[PDB]
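Chemist: Just one file: data-v8.txt, with compact mmCIF, N, CA, C and O atoms and all ligand atoms.
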```
# COMPACT_ATOMS: atom_id res chain seq x y z
N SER J 22 -49.65 -108.22 49.06
CA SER J 22 -49.22 -107.73 50.37
C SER J 22 -48.01 -106.82 50.24
O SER J 22 -47.30 -106.85 49.22
N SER J 23 -47.78 -106.01 51.27
CA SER J 23 -46.71 -105.03 51.26
C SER J 23 -45.86 -105.14 52.52
O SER J 23 -46.23 -105.81 53.48
N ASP J 24 -44.70 -104.48 52.49
CA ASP J 24 -43.88 -104.34 53.68
C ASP J 24 -44.70 -103.64 54.76
O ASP J 24 -45.41 -102.68 54.46
N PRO J 25 -44.63 -104.11 56.02
CA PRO J 25 -45.40 -103.45 57.09
C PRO J 25 -45.15 -101.95 57.19
O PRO J 25 -46.05 -101.19 57.56
N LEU J 26 -43.93 -101.52 56.86
CA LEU J 26 -43.56 -100.11 56.90
C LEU J 26 -44.37 -99.31 55.88
O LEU J 26 -44.82 -98.19 56.16
N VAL J 27 -44.55 -99.89 54.70
CA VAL J 27 -45.30 -99.26 53.63
C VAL J 27 -46.79 -99.18 53.97
O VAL J 27 -47.45 -98.18 53.67
N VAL J 28 -47.32 -100.22 54.60
CA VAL J 28 -48.72 -100.21 55.03
C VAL J 28 -48.94 -99.08 56.03
O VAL J 28 -49.89 -98.32 55.91
N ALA J 29 -48.05 -98.98 57.02
CA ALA J 29 -48.13 -97.92 58.02
C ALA J 29 -48.08 -96.54 57.37
O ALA J 29 -48.86 -95.65 57.70
N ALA J 30 -47.14 -96.37 56.44
CA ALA J 30 -46.97 -95.10 55.74
C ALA J 30 -48.24 -94.72 54.97
O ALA J 30 -48.62 -93.55 54.94
N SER J 31 -48.88 -95.71 54.36
CA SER J 31 -50.10 -95.47 53.60
C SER J 31 -51.25 -95.04 54.50
O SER J 31 -52.01 -94.13 54.15
N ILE J 32 -51.36 -95.66 55.67
CA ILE J 32 -52.41 -95.31 56.62
C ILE J 32 -52.19 -93.90 57.17
O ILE J 32 -53.13 -93.13 57.32
N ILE J 33 -50.93 -93.56 57.47
CA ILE J 33 -50.59 -92.23 57.94
C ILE J 33 -50.93 -91.17 56.89
O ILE J 33 -51.48 -90.12 57.20
N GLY J 34 -50.60 -91.47 55.63
CA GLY J 34 -50.89 -90.57 54.54
C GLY J 34 -52.38 -90.30 54.37
O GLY J 34 -52.79 -89.15 54.14
N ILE J 35 -53.18 -91.35 54.47
CA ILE J 35 -54.63 -91.23 54.36
C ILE J 35 -55.17 -90.37 55.49
O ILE J 35 -55.93 -89.43 55.25
N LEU J 36 -54.77 -90.67 56.72
CA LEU J 36 -55.25 -89.94 57.89
C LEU J 36 -54.80 -88.48 57.83
O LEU J 36 -55.53 -87.59 58.26
N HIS J 37 -53.60 -88.25 57.31
CA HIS J 37 -53.13 -86.89 57.06
C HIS J 37 -54.11 -86.14 56.17
O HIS J 37 -54.51 -85.02 56.49
N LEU J 38 -54.49 -86.76 55.06
CA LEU J 38 -55.42 -86.14 54.12
C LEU J 38 -56.76 -85.84 54.79
O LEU J 38 -57.29 -84.74 54.66
N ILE J 39 -57.30 -86.82 55.52
CA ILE J 39 -58.61 -86.66 56.14
C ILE J 39 -58.59 -85.52 57.15
O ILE J 39 -59.50 -84.69 57.18
N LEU J 40 -57.54 -85.45 57.97
CA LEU J 40 -57.44 -84.41 58.98
C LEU J 40 -57.30 -83.02 58.34
O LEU J 40 -57.84 -82.04 58.86
N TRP J 41 -56.61 -82.96 57.22
CA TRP J 41 -56.47 -81.71 56.48
C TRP J 41 -57.83 -81.23 55.95
O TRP J 41 -58.18 -80.06 56.09
N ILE J 42 -58.58 -82.15 55.34
CA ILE J 42 -59.91 -81.84 54.81
C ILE J 42 -60.82 -81.33 55.92
O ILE J 42 -61.45 -80.28 55.77
N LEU J 43 -60.88 -82.06 57.03
CA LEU J 43 -61.75 -81.69 58.15
C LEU J 43 -61.38 -80.32 58.72
O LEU J 43 -62.25 -79.55 59.11
N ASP J 44 -60.08 -80.04 58.77
CA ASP J 44 -59.60 -78.74 59.23
C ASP J 44 -60.11 -77.63 58.31
O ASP J 44 -60.55 -76.58 58.77
N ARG J 45 -60.06 -77.88 57.01
CA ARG J 45 -60.45 -76.88 56.02
C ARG J 45 -61.96 -76.67 56.00
O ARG J 45 -62.44 -75.58 55.70
N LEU J 46 -62.70 -77.73 56.32
CA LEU J 46 -64.16 -77.66 56.33
C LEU J 46 -64.68 -77.04 57.62
O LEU J 46 -64.01 -77.05 58.65
N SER D 22 -43.94 -107.93 51.50
CA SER D 22 -42.78 -107.14 51.11
C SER D 22 -43.10 -106.26 49.91
O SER D 22 -44.08 -106.50 49.19
N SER D 23 -42.28 -105.24 49.72
CA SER D 23 -42.50 -104.25 48.66
C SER D 23 -41.24 -104.06 47.83
O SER D 23 -40.15 -104.50 48.21
N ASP D 24 -41.40 -103.40 46.69
CA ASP D 24 -40.26 -102.97 45.89
C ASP D 24 -39.38 -102.06 46.74
O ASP D 24 -39.90 -101.21 47.46
N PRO D 25 -38.05 -102.23 46.68
CA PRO D 25 -37.17 -101.37 47.48
C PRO D 25 -37.41 -99.87 47.26
O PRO D 25 -37.23 -99.07 48.18
N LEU D 26 -37.82 -99.50 46.05
CA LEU D 26 -38.09 -98.11 45.71
C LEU D 26 -39.28 -97.58 46.51
O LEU D 26 -39.27 -96.44 46.98
N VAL D 27 -40.30 -98.42 46.66
CA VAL D 27 -41.50 -98.07 47.41
C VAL D 27 -41.20 -97.94 48.90
O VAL D 27 -41.72 -97.05 49.58
N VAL D 28 -40.35 -98.83 49.42
CA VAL D 28 -39.95 -98.75 50.83
C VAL D 28 -39.23 -97.43 51.08
O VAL D 28 -39.54 -96.74 52.05
N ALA D 29 -38.28 -97.09 50.22
CA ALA D 29 -37.55 -95.82 50.34
C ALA D 29 -38.50 -94.63 50.29
O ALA D 29 -38.39 -93.71 51.10
N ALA D 30 -39.43 -94.65 49.35
CA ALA D 30 -40.41 -93.58 49.19
C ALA D 30 -41.25 -93.41 50.45
O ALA D 30 -41.55 -92.29 50.86
N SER D 31 -41.63 -94.53 51.06
CA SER D 31 -42.44 -94.50 52.28
C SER D 31 -41.67 -93.89 53.45
O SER D 31 -42.22 -93.11 54.22
N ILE D 32 -40.39 -94.24 53.56
CA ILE D 32 -39.56 -93.70 54.64
C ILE D 32 -39.34 -92.20 54.45
O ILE D 32 -39.38 -91.44 55.42
N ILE D 33 -39.11 -91.78 53.21
CA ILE D 33 -38.95 -90.36 52.90
C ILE D 33 -40.22 -89.58 53.24
O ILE D 33 -40.16 -88.50 53.82
N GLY D 34 -41.37 -90.15 52.89
CA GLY D 34 -42.65 -89.53 53.18
C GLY D 34 -42.89 -89.33 54.67
O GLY D 34 -43.38 -88.28 55.10
N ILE D 35 -42.56 -90.35 55.45
CA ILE D 35 -42.71 -90.30 56.90
C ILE D 35 -41.82 -89.21 57.48
O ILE D 35 -42.27 -88.37 58.26
N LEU D 36 -40.55 -89.22 57.09
CA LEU D 36 -39.58 -88.25 57.60
C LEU D 36 -39.96 -86.84 57.18
O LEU D 36 -39.76 -85.88 57.94
N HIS D 37 -40.51 -86.70 55.98
CA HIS D 37 -41.05 -85.43 55.53
C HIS D 37 -42.10 -84.92 56.51
O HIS D 37 -42.06 -83.76 56.94
N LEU D 38 -43.05 -85.79 56.86
CA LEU D 38 -44.11 -85.42 57.79
C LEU D 38 -43.54 -85.00 59.14
O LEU D 38 -43.93 -83.97 59.69
N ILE D 39 -42.62 -85.80 59.68
CA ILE D 39 -42.06 -85.53 61.00
C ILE D 39 -41.34 -84.19 61.01
O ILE D 39 -41.51 -83.40 61.94
N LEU D 40 -40.55 -83.92 59.98
CA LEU D 40 -39.80 -82.67 59.91
C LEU D 40 -40.73 -81.46 59.80
O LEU D 40 -40.46 -80.40 60.36
N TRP D 41 -41.84 -81.64 59.09
CA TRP D 41 -42.84 -80.59 58.97
C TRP D 41 -43.48 -80.28 60.32
O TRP D 41 -43.61 -79.11 60.70
N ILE D 42 -43.87 -81.32 61.04
CA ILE D 42 -44.47 -81.17 62.37
C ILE D 42 -43.52 -80.44 63.31
O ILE D 42 -43.91 -79.47 63.96
N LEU D 43 -42.27 -80.90 63.37
CA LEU D 43 -41.28 -80.30 64.27
C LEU D 43 -41.02 -78.84 63.93
O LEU D 43 -40.83 -78.01 64.83
N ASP D 44 -41.03 -78.52 62.64
CA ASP D 44 -40.87 -77.14 62.19
C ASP D 44 -42.02 -76.28 62.71
O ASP D 44 -41.82 -75.16 63.18
N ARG D 45 -43.23 -76.82 62.63
CA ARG D 45 -44.43 -76.08 63.03
C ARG D 45 -44.51 -75.92 64.54
O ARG D 45 -45.05 -74.93 65.04
N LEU D 46 -43.97 -76.89 65.27
CA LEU D 46 -43.99 -76.85 66.73
C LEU D 46 -42.88 -75.97 67.28
O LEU D 46 -41.87 -75.73 66.62
N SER R 22 -47.28 -107.25 43.41
CA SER R 22 -48.56 -106.84 43.95
C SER R 22 -48.40 -106.24 45.34
O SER R 22 -47.38 -106.45 46.00
N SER R 23 -49.41 -105.49 45.76
CA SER R 23 -49.37 -104.77 47.03
C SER R 23 -50.62 -105.05 47.85
O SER R 23 -51.60 -105.60 47.35
N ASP R 24 -50.57 -104.67 49.12
CA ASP R 24 -51.74 -104.70 49.98
C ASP R 24 -52.82 -103.80 49.35
O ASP R 24 -52.50 -102.71 48.88
N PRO R 25 -54.08 -104.26 49.34
CA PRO R 25 -55.14 -103.42 48.75
C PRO R 25 -55.21 -102.01 49.34
O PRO R 25 -55.57 -101.06 48.64
N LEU R 26 -54.86 -101.88 50.62
CA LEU R 26 -54.86 -100.59 51.30
C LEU R 26 -53.83 -99.64 50.68
O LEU R 26 -54.09 -98.45 50.50
N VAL R 27 -52.67 -100.19 50.35
CA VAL R 27 -51.59 -99.43 49.75
C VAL R 27 -51.94 -99.00 48.32
O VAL R 27 -51.63 -97.88 47.90
N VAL R 28 -52.60 -99.88 47.58
CA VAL R 28 -53.05 -99.55 46.23
C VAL R 28 -54.03 -98.38 46.29
O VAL R 28 -53.89 -97.42 45.53
N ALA R 29 -55.00 -98.46 47.19
CA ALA R 29 -55.98 -97.39 47.36
C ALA R 29 -55.29 -96.07 47.72
O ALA R 29 -55.61 -95.02 47.17
N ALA R 30 -54.35 -96.14 48.66
CA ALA R 30 -53.62 -94.96 49.10
C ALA R 30 -52.86 -94.32 47.94
O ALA R 30 -52.80 -93.09 47.83
N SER R 31 -52.28 -95.14 47.08
CA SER R 31 -51.52 -94.65 45.94
C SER R 31 -52.43 -93.95 44.93
O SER R 31 -52.07 -92.90 44.39
N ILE R 32 -53.61 -94.50 44.70
CA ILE R 32 -54.56 -93.91 43.77
C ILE R 32 -55.09 -92.57 44.32
O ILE R 32 -55.22 -91.60 43.57
N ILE R 33 -55.36 -92.53 45.62
CA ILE R 33 -55.80 -91.29 46.27
C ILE R 33 -54.72 -90.21 46.16
O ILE R 33 -55.02 -89.05 45.86
N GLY R 34 -53.47 -90.60 46.39
CA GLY R 34 -52.36 -89.68 46.30
C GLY R 34 -52.20 -89.08 44.91
O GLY R 34 -51.95 -87.88 44.77
N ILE R 35 -52.34 -89.92 43.89
CA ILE R 35 -52.24 -89.47 42.51
C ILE R 35 -53.35 -88.49 42.19
O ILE R 35 -53.10 -87.41 41.66
N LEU R 36 -54.58 -88.85 42.53
CA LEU R 36 -55.74 -88.01 42.25
C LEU R 36 -55.65 -86.69 43.02
O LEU R 36 -56.06 -85.64 42.52
N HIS R 37 -55.11 -86.75 44.23
CA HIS R 37 -54.83 -85.54 45.00
C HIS R 37 -53.93 -84.60 44.20
O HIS R 37 -54.22 -83.41 44.06
N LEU R 38 -52.83 -85.14 43.67
CA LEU R 38 -51.89 -84.34 42.89
C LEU R 38 -52.57 -83.74 41.66
O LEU R 38 -52.42 -82.54 41.40
N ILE R 39 -53.32 -84.55 40.93
CA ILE R 39 -53.96 -84.08 39.69
C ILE R 39 -54.94 -82.95 40.00
O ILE R 39 -54.97 -81.94 39.30
N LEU R 40 -55.75 -83.12 41.04
CA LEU R 40 -56.73 -82.10 41.40
C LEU R 40 -56.07 -80.80 41.83
O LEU R 40 -56.56 -79.71 41.54
N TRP R 41 -54.93 -80.91 42.51
CA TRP R 41 -54.16 -79.74 42.91
C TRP R 41 -53.63 -78.98 41.69
O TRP R 41 -53.76 -77.76 41.62
N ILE R 42 -53.05 -79.71 40.74
CA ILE R 42 -52.53 -79.12 39.51
C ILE R 42 -53.64 -78.39 38.75
O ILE R 42 -53.48 -77.23 38.38
N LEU R 43 -54.77 -79.06 38.55
CA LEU R 43 -55.88 -78.48 37.80
C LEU R 43 -56.43 -77.23 38.48
O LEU R 43 -56.81 -76.27 37.81
N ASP R 44 -56.45 -77.25 39.81
CA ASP R 44 -56.87 -76.09 40.59
C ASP R 44 -55.94 -74.91 40.32
O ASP R 44 -56.38 -73.77 40.14
N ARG R 45 -54.64 -75.19 40.30
CA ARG R 45 -53.64 -74.14 40.13
C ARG R 45 -53.63 -73.60 38.71
O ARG R 45 -53.31 -72.43 38.48
N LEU R 46 -53.98 -74.45 37.75
CA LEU R 46 -54.00 -74.05 36.34
C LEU R 46 -55.28 -73.30 36.00
O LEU R 46 -56.31 -73.45 36.67
N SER M 22 -41.57 -106.96 45.85
CA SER M 22 -42.12 -106.26 44.69
C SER M 22 -43.49 -105.68 45.01
O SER M 22 -44.15 -106.10 45.97
N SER M 23 -43.91 -104.71 44.21
CA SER M 23 -45.16 -104.00 44.43
C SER M 23 -46.00 -103.97 43.16
O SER M 23 -45.52 -104.29 42.07
N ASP M 24 -47.26 -103.59 43.32
CA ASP M 24 -48.13 -103.33 42.18
C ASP M 24 -47.50 -102.23 41.33
O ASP M 24 -46.99 -101.24 41.88
N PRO M 25 -47.50 -102.38 40.00
CA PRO M 25 -46.91 -101.33 39.15
C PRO M 25 -47.47 -99.93 39.41
O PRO M 25 -46.75 -98.94 39.26
N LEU M 26 -48.74 -99.86 39.80
CA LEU M 26 -49.39 -98.59 40.10
C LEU M 26 -48.74 -97.92 41.31
O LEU M 26 -48.54 -96.70 41.33
N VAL M 27 -48.41 -98.72 42.31
CA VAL M 27 -47.78 -98.24 43.53
C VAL M 27 -46.35 -97.77 43.26
O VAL M 27 -45.90 -96.76 43.81
N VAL M 28 -45.63 -98.49 42.40
CA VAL M 28 -44.28 -98.09 42.02
C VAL M 28 -44.32 -96.73 41.34
O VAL M 28 -43.54 -95.84 41.67
N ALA M 29 -45.23 -96.57 40.38
CA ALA M 29 -45.40 -95.30 39.68
C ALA M 29 -45.72 -94.17 40.65
O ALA M 29 -45.14 -93.08 40.57
N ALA M 30 -46.65 -94.43 41.56
CA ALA M 30 -47.05 -93.44 42.56
C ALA M 30 -45.88 -93.01 43.42
O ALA M 30 -45.74 -91.83 43.76
N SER M 31 -45.03 -93.96 43.79
CA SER M 31 -43.86 -93.67 44.62
C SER M 31 -42.85 -92.80 43.88
O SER M 31 -42.28 -91.88 44.46
N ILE M 32 -42.65 -93.08 42.60
CA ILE M 32 -41.71 -92.30 41.79
C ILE M 32 -42.24 -90.87 41.60
O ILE M 32 -41.47 -89.91 41.67
N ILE M 33 -43.54 -90.74 41.36
CA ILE M 33 -44.16 -89.43 41.23
C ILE M 33 -44.02 -88.62 42.52
O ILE M 33 -43.70 -87.43 42.49
N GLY M 34 -44.25 -89.28 43.65
CA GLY M 34 -44.12 -88.64 44.94
C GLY M 34 -42.72 -88.11 45.21
O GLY M 34 -42.54 -87.01 45.73
N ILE M 35 -41.72 -88.92 44.87
CA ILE M 35 -40.32 -88.54 45.05
C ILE M 35 -40.00 -87.33 44.18
O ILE M 35 -39.44 -86.35 44.66
N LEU M 36 -40.36 -87.40 42.90
CA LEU M 36 -40.07 -86.32 41.96
C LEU M 36 -40.81 -85.05 42.36
O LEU M 36 -40.29 -83.94 42.19
N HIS M 37 -42.01 -85.20 42.90
CA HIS M 37 -42.75 -84.07 43.46
C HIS M 37 -41.92 -83.38 44.54
O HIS M 37 -41.77 -82.16 44.52
N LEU M 38 -41.39 -84.17 45.47
CA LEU M 38 -40.58 -83.62 46.55
C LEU M 38 -39.35 -82.89 46.02
O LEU M 38 -39.06 -81.77 46.43
N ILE M 39 -38.64 -83.53 45.09
CA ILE M 39 -37.41 -82.96 44.56
C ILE M 39 -37.70 -81.63 43.86
O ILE M 39 -36.98 -80.65 44.06
N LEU M 40 -38.75 -81.58 43.06
CA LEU M 40 -39.10 -80.36 42.33
C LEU M 40 -39.49 -79.23 43.28
O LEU M 40 -39.19 -78.07 43.04
N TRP M 41 -40.16 -79.59 44.38
CA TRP M 41 -40.53 -78.62 45.40
C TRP M 41 -39.28 -78.02 46.06
O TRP M 41 -39.18 -76.81 46.22
N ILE M 42 -38.35 -78.89 46.45
CA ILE M 42 -37.10 -78.45 47.07
C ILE M 42 -36.34 -77.50 46.14
O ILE M 42 -35.93 -76.42 46.56
N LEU M 43 -36.16 -77.91 44.89
CA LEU M 43 -35.41 -77.10 43.92
C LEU M 43 -36.07 -75.75 43.69
O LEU M 43 -35.38 -74.73 43.53
N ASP M 44 -37.40 -75.73 43.69
CA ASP M 44 -38.15 -74.49 43.55
C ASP M 44 -37.85 -73.56 44.72
O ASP M 44 -37.65 -72.36 44.55
N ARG M 45 -37.82 -74.13 45.92
CA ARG M 45 -37.62 -73.34 47.14
C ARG M 45 -36.18 -72.85 47.25
O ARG M 45 -35.93 -71.78 47.82
N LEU M 46 -35.24 -73.61 46.70
CA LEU M 46 -33.83 -73.25 46.74
C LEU M 46 -33.48 -72.23 45.66
O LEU M 46 -34.17 -72.12 44.64
CA CA J 101 -39.12 -105.68 55.54
CA CA J 102 -45.38 -107.61 47.55
CA CA J 103 -38.10 -103.75 41.13
CA CA J 104 -53.58 -107.06 54.33
CA CA J 105 -52.56 -105.12 39.93
CL CL J 106 -46.17 -102.23 48.14
```
Could you express the structure from this file as structure tokens?
Ligand SMILES: [Ca+2]
Ligand SMILES: [Ca+2]
Ligand SMILES: [Ca+2]
Ligand SMILES: [Ca+2]
Ligand SMILES: [Ca+2]
Ligand SMILES: [Cl-]
Modeler:
Amino acid sequence: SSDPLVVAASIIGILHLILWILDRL
Amino acid sequence: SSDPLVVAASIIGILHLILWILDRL
Amino acid sequence: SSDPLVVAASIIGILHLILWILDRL
Amino acid sequence: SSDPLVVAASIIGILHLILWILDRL
């Protein structure tokens, strides 16, 4: 398990990547 | 909980994102 | 140890970096 | 504490940011 802040940061990072990909596609 | 280094990295990453957004807006 | 979500996010981030470098090279 | 993989990823991310800043400056 991780600090809740780190979990949130990881989810934001993933969604950032996905939104970038979809924008480019 | 997480390694203090990872917590710091996560906070830096978040603030990086926010500053980028505000710059673009 | 970390939340499985955070581990996945970290691996994705690393591979993102590597693919970017290889693209640029 | 965190998974060693996550710690490494966090350090890489930080150094990535620092190198980017120095390049821009
Ligand atoms: Ca905490
Ligand atoms: Ca932990
Ligand atoms: Ca430590
Ligand atoms: Ca969990
Ligand atoms: Ca492990
Ligand atoms: Cl963690």
Chemist: Could you do a least-squares fit of chain M on chain D over every C-alpha atom, in sequence order, and give the output as a PDB file with N, CA, C and O atoms, in the frame of the given file?
Modeler:
```pdb
ATOM      1  N   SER M  22     -43.947-107.927  51.504  1.00  0.00           N
ATOM      2  CA  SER M  22     -42.777-107.143  51.110  1.00  0.00           C
ATOM      3  C   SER M  22     -43.098-106.260  49.913  1.00  0.00           C
ATOM      4  O   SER M  22     -44.075-106.499  49.190  1.00  0.00           O
ATOM      5  N   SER M  23     -42.281-105.236  49.713  1.00  0.00           N
ATOM      6  CA  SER M  23     -42.498-104.255  48.661  1.00  0.00           C
ATOM      7  C   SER M  23     -41.236-104.060  47.830  1.00  0.00           C
ATOM      8  O   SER M  23     -40.149-104.502  48.208  1.00  0.00           O
ATOM      9  N   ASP M  24     -41.401-103.399  46.693  1.00  0.00           N
ATOM     10  CA  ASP M  24     -40.265-102.970  45.887  1.00  0.00           C
ATOM     11  C   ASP M  24     -39.383-102.060  46.738  1.00  0.00           C
ATOM     12  O   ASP M  24     -39.905-101.202  47.468  1.00  0.00           O
ATOM     13  N   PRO M  25     -38.057-102.232  46.683  1.00  0.00           N
ATOM     14  CA  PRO M  25     -37.177-101.361  47.484  1.00  0.00           C
ATOM     15  C   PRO M  25     -37.411 -99.866  47.261  1.00  0.00           C
ATOM     16  O   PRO M  25     -37.231 -99.069  48.185  1.00  0.00           O
ATOM     17  N   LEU M  26     -37.813 -99.500  46.047  1.00  0.00           N
ATOM     18  CA  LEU M  26     -38.091 -98.110  45.708  1.00  0.00           C
ATOM     19  C   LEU M  26     -39.278 -97.582  46.512  1.00  0.00           C
ATOM     20  O   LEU M  26     -39.268 -96.440  46.985  1.00  0.00           O
ATOM     21  N   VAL M  27     -40.293 -98.416  46.666  1.00  0.00           N
ATOM     22  CA  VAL M  27     -41.495 -98.069  47.408  1.00  0.00           C
ATOM     23  C   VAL M  27     -41.199 -97.942  48.903  1.00  0.00           C
ATOM     24  O   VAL M  27     -41.721 -97.051  49.579  1.00  0.00           O
ATOM     25  N   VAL M  28     -40.348 -98.824  49.427  1.00  0.00           N
ATOM     26  CA  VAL M  28     -39.945 -98.750  50.826  1.00  0.00           C
ATOM     27  C   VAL M  28     -39.235 -97.431  51.087  1.00  0.00           C
ATOM     28  O   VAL M  28     -39.536 -96.736  52.054  1.00  0.00           O
ATOM     29  N   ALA M  29     -38.281 -97.086  50.222  1.00  0.00           N
ATOM     30  CA  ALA M  29     -37.554 -95.825  50.335  1.00  0.00           C
ATOM     31  C   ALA M  29     -38.501 -94.633  50.296  1.00  0.00           C
ATOM     32  O   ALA M  29     -38.391 -93.706  51.107  1.00  0.00           O
ATOM     33  N   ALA M  30     -39.427 -94.656  49.345  1.00  0.00           N
ATOM     34  CA  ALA M  30     -40.408 -93.581  49.197  1.00  0.00           C
ATOM     35  C   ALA M  30     -41.246 -93.413  50.447  1.00  0.00           C
ATOM     36  O   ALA M  30     -41.557 -92.289  50.857  1.00  0.00           O
ATOM     37  N   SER M  31     -41.628 -94.524  51.064  1.00  0.00           N
ATOM     38  CA  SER M  31     -42.439 -94.492  52.282  1.00  0.00           C
ATOM     39  C   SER M  31     -41.669 -93.890  53.452  1.00  0.00           C
ATOM     40  O   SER M  31     -42.222 -93.113  54.225  1.00  0.00           O
ATOM     41  N   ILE M  32     -40.394 -94.233  53.563  1.00  0.00           N
ATOM     42  CA  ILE M  32     -39.556 -93.704  54.643  1.00  0.00           C
ATOM     43  C   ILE M  32     -39.340 -92.195  54.450  1.00  0.00           C
ATOM     44  O   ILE M  32     -39.380 -91.435  55.419  1.00  0.00           O
ATOM     45  N   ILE M  33     -39.110 -91.777  53.210  1.00  0.00           N
ATOM     46  CA  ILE M  33     -38.957 -90.363  52.903  1.00  0.00           C
ATOM     47  C   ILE M  33     -40.227 -89.581  53.243  1.00  0.00           C
ATOM     48  O   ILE M  33     -40.166 -88.496  53.825  1.00  0.00           O
ATOM     49  N   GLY M  34     -41.374 -90.149  52.887  1.00  0.00           N
ATOM     50  CA  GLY M  34     -42.648 -89.530  53.179  1.00  0.00           C
ATOM     51  C   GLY M  34     -42.891 -89.328  54.667  1.00  0.00           C
ATOM     52  O   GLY M  34     -43.384 -88.288  55.100  1.00  0.00           O
ATOM     53  N   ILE M  35     -42.559 -90.351  55.451  1.00  0.00           N
ATOM     54  CA  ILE M  35     -42.715 -90.297  56.903  1.00  0.00           C
ATOM     55  C   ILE M  35     -41.815 -89.209  57.477  1.00  0.00           C
ATOM     56  O   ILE M  35     -42.266 -88.373  58.252  1.00  0.00           O
ATOM     57  N   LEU M  36     -40.540 -89.220  57.090  1.00  0.00           N
ATOM     58  CA  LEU M  36     -39.573 -88.253  57.604  1.00  0.00           C
ATOM     59  C   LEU M  36     -39.952 -86.841  57.179  1.00  0.00           C
ATOM     60  O   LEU M  36     -39.751 -85.882  57.936  1.00  0.00           O
ATOM     61  N   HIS M  37     -40.508 -86.702  55.985  1.00  0.00           N
ATOM     62  CA  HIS M  37     -41.050 -85.423  55.530  1.00  0.00           C
ATOM     63  C   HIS M  37     -42.105 -84.919  56.512  1.00  0.00           C
ATOM     64  O   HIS M  37     -42.056 -83.766  56.936  1.00  0.00           O
ATOM     65  N   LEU M  38     -43.047 -85.790  56.863  1.00  0.00           N
ATOM     66  CA  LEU M  38     -44.106 -85.418  57.793  1.00  0.00           C
ATOM     67  C   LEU M  38     -43.546 -84.998  59.149  1.00  0.00           C
ATOM     68  O   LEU M  38     -43.928 -83.966  59.693  1.00  0.00           O
ATOM     69  N   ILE M  39     -42.624 -85.802  59.680  1.00  0.00           N
ATOM     70  CA  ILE M  39     -42.068 -85.538  60.999  1.00  0.00           C
ATOM     71  C   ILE M  39     -41.341 -84.191  61.009  1.00  0.00           C
ATOM     72  O   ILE M  39     -41.511 -83.397  61.936  1.00  0.00           O
ATOM     73  N   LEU M  40     -40.551 -83.918  59.986  1.00  0.00           N
ATOM     74  CA  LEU M  40     -39.797 -82.665  59.911  1.00  0.00           C
ATOM     75  C   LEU M  40     -40.725 -81.458  59.804  1.00  0.00           C
ATOM     76  O   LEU M  40     -40.456 -80.402  60.356  1.00  0.00           O
ATOM     77  N   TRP M  41     -41.840 -81.634  59.086  1.00  0.00           N
ATOM     78  CA  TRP M  41     -42.842 -80.585  58.963  1.00  0.00           C
ATOM     79  C   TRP M  41     -43.475 -80.273  60.326  1.00  0.00           C
ATOM     80  O   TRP M  41     -43.606 -79.115  60.702  1.00  0.00           O
ATOM     81  N   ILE M  42     -43.875 -81.324  61.040  1.00  0.00           N
ATOM     82  CA  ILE M  42     -44.471 -81.168  62.367  1.00  0.00           C
ATOM     83  C   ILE M  42     -43.512 -80.435  63.309  1.00  0.00           C
ATOM     84  O   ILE M  42     -43.903 -79.469  63.960  1.00  0.00           O
ATOM     85  N   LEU M  43     -42.270 -80.900  63.371  1.00  0.00           N
ATOM     86  CA  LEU M  43     -41.274 -80.302  64.271  1.00  0.00           C
ATOM     87  C   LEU M  43     -41.020 -78.842  63.932  1.00  0.00           C
ATOM     88  O   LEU M  43     -40.830 -78.009  64.834  1.00  0.00           O
ATOM     89  N   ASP M  44     -41.034 -78.519  62.642  1.00  0.00           N
ATOM     90  CA  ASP M  44     -40.874 -77.144  62.192  1.00  0.00           C
ATOM     91  C   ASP M  44     -42.019 -76.284  62.714  1.00  0.00           C
ATOM     92  O   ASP M  44     -41.820 -75.164  63.179  1.00  0.00           O
ATOM     93  N   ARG M  45     -43.231 -76.822  62.632  1.00  0.00           N
ATOM     94  CA  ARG M  45     -44.431 -76.074  63.025  1.00  0.00           C
ATOM     95  C   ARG M  45     -44.514 -75.923  64.540  1.00  0.00           C
ATOM     96  O   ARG M  45     -45.057 -74.927  65.036  1.00  0.00           O
ATOM     97  N   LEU M  46     -43.972 -76.888  65.274  1.00  0.00           N
ATOM     98  CA  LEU M  46     -43.989 -76.858  66.729  1.00  0.00           C
ATOM     99  C   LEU M  46     -42.882 -75.967  67.286  1.00  0.00           C
ATOM    100  O   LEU M  46     -41.868 -75.722  66.623  1.00  0.00           O
TER     101      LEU M  46
END
```
Chemist: Return as a PyMOL selection string the full set of residues in chain D whose backbone-based DSSP assignment is helix (DSSP H, G or I).
Modeler: chain D and resi 25-45
Chemist: Using only N, CA, C and O atoms, which chain D residues lie at most 6 Å away from chain J, written as a list in words?
Modeler: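 Therefore, the residues near the partner are residues 22, 23, 27 and 31 of chain D.
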Chemist: Could you work out an axis-aligned box for segment 30-33 of chain R, taking every atom the file lists and adding 5 Å on each side, and report centre and edge lengths in Å to one decimal, as lines of an AutoDock Vina configuration file?
Modeler:
```
center_x = -53.7
center_y = -92.6
center_z = 46.3
size_x = 14.3
size_y = 17.1
size_z = 15.5
```
